[PDB]
Amino acid sequence: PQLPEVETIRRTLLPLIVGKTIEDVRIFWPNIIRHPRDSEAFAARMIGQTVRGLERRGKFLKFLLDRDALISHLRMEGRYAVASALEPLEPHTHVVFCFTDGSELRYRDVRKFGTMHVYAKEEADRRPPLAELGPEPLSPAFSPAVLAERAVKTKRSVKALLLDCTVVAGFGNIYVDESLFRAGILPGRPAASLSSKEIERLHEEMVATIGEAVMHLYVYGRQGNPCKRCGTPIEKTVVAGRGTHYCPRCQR
DNA sequence: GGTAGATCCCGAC
DNA sequence: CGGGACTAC
Ligand SMILES: [Zn+2]
């Protein structure tokens, strides 16, 4: 799930778990648990705590309990469901939080790339994976000025810059490619090569693109198909180690 | 310190 | 082969 999907999850999941008390935590793939390193300590500390809130930072979910926060990332294919402890689990279920009311919060992930970290609430923001996370793309904290400052100080491509979690929180591949197209900027452009005008335009499109989604693709996954604006075949290459889609006419 | 690289998984190729 | 977010040049 990308940022907008994670926000939907945050909004929809909260009422399904708020006020419920954890009675057990069951772990079927320990590698998902990143802190405490010992999955048994992770499970033990959560028992007896009640879910009080659910927040989002980038693509991370932050479950707020009594004492602790659970920081969860779903990566490409992770998903949460709330269901009865009486029913068989769905395939690829790796972590289950059992509540005293007989319901469960279940984490599924066919790829097993997801991560979970638990810390005392007051420590979560200064520990991995939240430490160093950049500003929310939809917050005034993410400004053209902030973007420009990062762009000038690097030799990397503009795409690499936007994918950097320290630059902006949870701005995914699909939105990077779409935003760059809408801004008329080639993904392989050196970040430092962007004019003040281009930085302003890029910020504008980043906010518009992801903002619209949080509330029709031009290039992403459209290689070999005509550009919706000019008819030129969309091309796909590798930039910043990722599949990258662009129109060679609209973007410069 | 900045930057790339190794790293995890497994279904679709 | 792809992909989000600790180690070594
Ligand atoms: Zn075009």
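First the proteins, then the strands, lettered A, B, ... as listed; each starts at 1. Below, all heavy atoms of this structure are taken into account, side chains as well, without hydrogens, waters or symmetry copies.
- Rounded to whole Å, atom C1' of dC8(B) lies 9 Å from atom CE of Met76(A).
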### Task
Give the C-alpha distance, both sets of side-chain angles, the deciding distance and a yes or no for salt bridge (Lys or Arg N to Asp or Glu O under 4.0 Å) between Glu204(A) and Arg201(A).
CA-CA 5 Å; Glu204(A) 177 183 345; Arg201(A) 174 72 173 281; 5.2 Å; no

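- Side chain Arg242(A) to base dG3(C): no donor-acceptor pair is found below 3.5 Å.
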Show each protein N/O and nucleotides 6-9 of chain C N/O combination with a separation under 3.5 Å, one pair to a line.
none

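- Ring pair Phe142(A)/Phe171(A): centre-to-centre distance not below 6.0 Å.
- Among residues at least two apart or in separate chains, side-chain hydrogen bond (donor to acceptor under 3.5 Å, both in side chains) pairs with a member in residues 135-144 of chain A are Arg56(A)-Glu136(A).
- Using a 4.0 Å cut-off between charged nitrogen and carboxylate oxygen, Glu212(A) and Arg182(A) count as a salt-bridge pair.
- In this view, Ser195(A) and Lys197(A), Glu198(A) satisfy the side chain to side chain contact (heavy atoms under 4.5 Å, CB included) rule, not counting sequence neighbours.
- Contacts with DNA chain C (heavy atom under 4.0 Å) in residues 54-64 of chain A: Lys59(A), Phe60(A), listed by number.
- Using a 4.0 Å cut-off, some side-chain N or O of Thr154(A) falls inside it from OP1 or OP2 of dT3(B).
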At a cut-off of 3.5 Å, list every protein nitrogen or oxygen paired with a nitrogen or oxygen from nucleotides 9-13 of chain B, distance to 0.1 Å.
unit_1, atom_1, unit_2, atom_2, d
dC9(B), OP1, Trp29(A), NE1, 3.2
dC9(B), OP1, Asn31(A), ND2, 2.9
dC9(B), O4', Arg111(A), O, 3.3
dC10(B), OP1, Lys112(A), NZ, 3.0
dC10(B), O4', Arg111(A), NH1, 3.2
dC10(B), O2, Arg111(A), NH1, 2.9
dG11(B), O4', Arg111(A), NH1, 2.9
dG11(B), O4', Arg111(A), NH2, 3.3

### Query
So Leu54(A) and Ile9(A), side chain to side chain contact (heavy atoms under 4.5 Å, CB included) or not? Walk me through it.
CA-CA 10 Å; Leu54(A) 182 55; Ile9(A) 293 168; 5.7 Å; no

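- Ring centroids of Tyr218(A) and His245(A) are separated by 6.0 Å or more, keeping the two rings apart.
- Partners of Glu77(A) according to the side chain to side chain contact (heavy atoms under 4.5 Å, CB included) rule, which considers only residues two or more places apart in sequence or in another chain, are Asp109(A), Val110(A), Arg111(A).
- Whole-Å rounding puts the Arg34(A) CZ to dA5(C) P distance at 13 Å.
- Between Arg242(A) and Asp177(A), none of the side-chain N atoms (NZ, or NE/NH1/NH2) sits under 4.0 Å from a carboxylate O, so this pair counts as no salt bridge.
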